[PDB]
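Take a look at this one chain, the form deposited without this ligand, written out in structure tokens.
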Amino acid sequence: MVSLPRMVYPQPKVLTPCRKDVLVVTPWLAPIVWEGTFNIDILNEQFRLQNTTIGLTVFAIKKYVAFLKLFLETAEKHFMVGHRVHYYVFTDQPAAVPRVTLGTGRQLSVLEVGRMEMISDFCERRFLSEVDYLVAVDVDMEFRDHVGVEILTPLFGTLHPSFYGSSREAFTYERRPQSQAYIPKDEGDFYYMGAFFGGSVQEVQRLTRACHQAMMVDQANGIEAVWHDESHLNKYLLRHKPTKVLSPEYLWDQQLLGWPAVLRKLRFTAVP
């Protein structure tokens, strides 16, 4: 709504593509986010002028509480820096949550538990009032480079690092027709990983509510989808196309997959 200020930056040239090596837009005209496709300064302005608050939801259960210190400390270094961030840590051990020092405008809530349910059901009203966007990630990860407002959009998925070069026949979708998550062999755009997705609060409540109900249906029929909540996420994102797709720069494992030349940055990676 509100007008951008004067800014100086390099002229985008229509006859010089920045990336020639990768697909940067999906067939339904959603950006695929790769280094070199965005000007972070333009994007930071747009989102700052809107006073954007980003929620990051993370689950730290049993032994996984050991990963929170490095998770949060690297998040403070690299995640949405300059913007308002609210961390929601779902844990069974509230007293084992490390004391991490947070930048200004950043806050942390510890929520005790006894996942798709948790985001959609219990914390329905709360998320609606406190944040503009919600991002859900796994805790056994660390930020290594910039992850910012370029990712933000009504609904996004992230390309699974094992499958970005594969044919759809190789994707590990649910292949049993009796599951709600069933996808035939001739369907599918991408294989999305369940460890990094988000969007606006409304699109995430919708997504998690849909996956939760479909998992309940599978449960009544005594069937469990091959990759659990990831299988249902892939089904949802097939039928409701994400408005941005994150490249595997946003979800990598260097130990297992090295560092191919297509990745100019490794932003968010598995912990040894």
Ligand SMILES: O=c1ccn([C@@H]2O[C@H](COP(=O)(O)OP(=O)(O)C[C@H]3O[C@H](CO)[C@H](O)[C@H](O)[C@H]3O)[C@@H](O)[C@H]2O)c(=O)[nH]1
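The first residue of the shown sequence is 1; numbering continues from there.
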| item | value |
| --- | --- |
| Between neighbours residue 115 and residue 114, residues that the deposited sequence lists but the model omits | 10 or more |
| Stretch exceeding the other in mean C-alpha B-factor - 187-195, 118-126 | 118-126 |
| Entry-level comparison of average CA B-factors, 150-158 and 103-111, reporting the higher stretch | 103-111 |
| Out of 43, 70, 223, 204, residue topping the C-alpha B-factor column of the entry | 223 |
| Deposited CA B-factor, highest of 61, 246, 56, 238 | 61 |
| Position of residue 169 among the chain's modelled residues by C-alpha B-factor, lowest, middle or highest third | highest |
| Residue 83 CA temperature factor, ranked by third within the chain | lowest |
| Residue 230 - which third its CA temperature factor falls in, relative to the rest of the chain | middle |
| Ranked C-alpha temperature factor of residue 39 among modelled chain residues, by third | lowest |
| Residue 219 by Cα B-factor - lowest, middle or highest third of the modelled chain | highest |
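The form solved in complex with this ligand exists for this protein as well; it is not shown, and the discussion that follows is about that form.
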property: One stretch from 38-46, 52-60, 24-32, 237-245 that, in the deposited complex, holds residues within 4.5 Å of this ligand by heavy atom; result: 52-60
property: 115, 193 and 227 each touching this ligand in the deposited complex (heavy atom, 4.5 Å); result: yes
property: Contact assignment for this ligand in the deposited complex, among 130, 150, 76, 138, heavy atom within 4.5 Å; result: 138
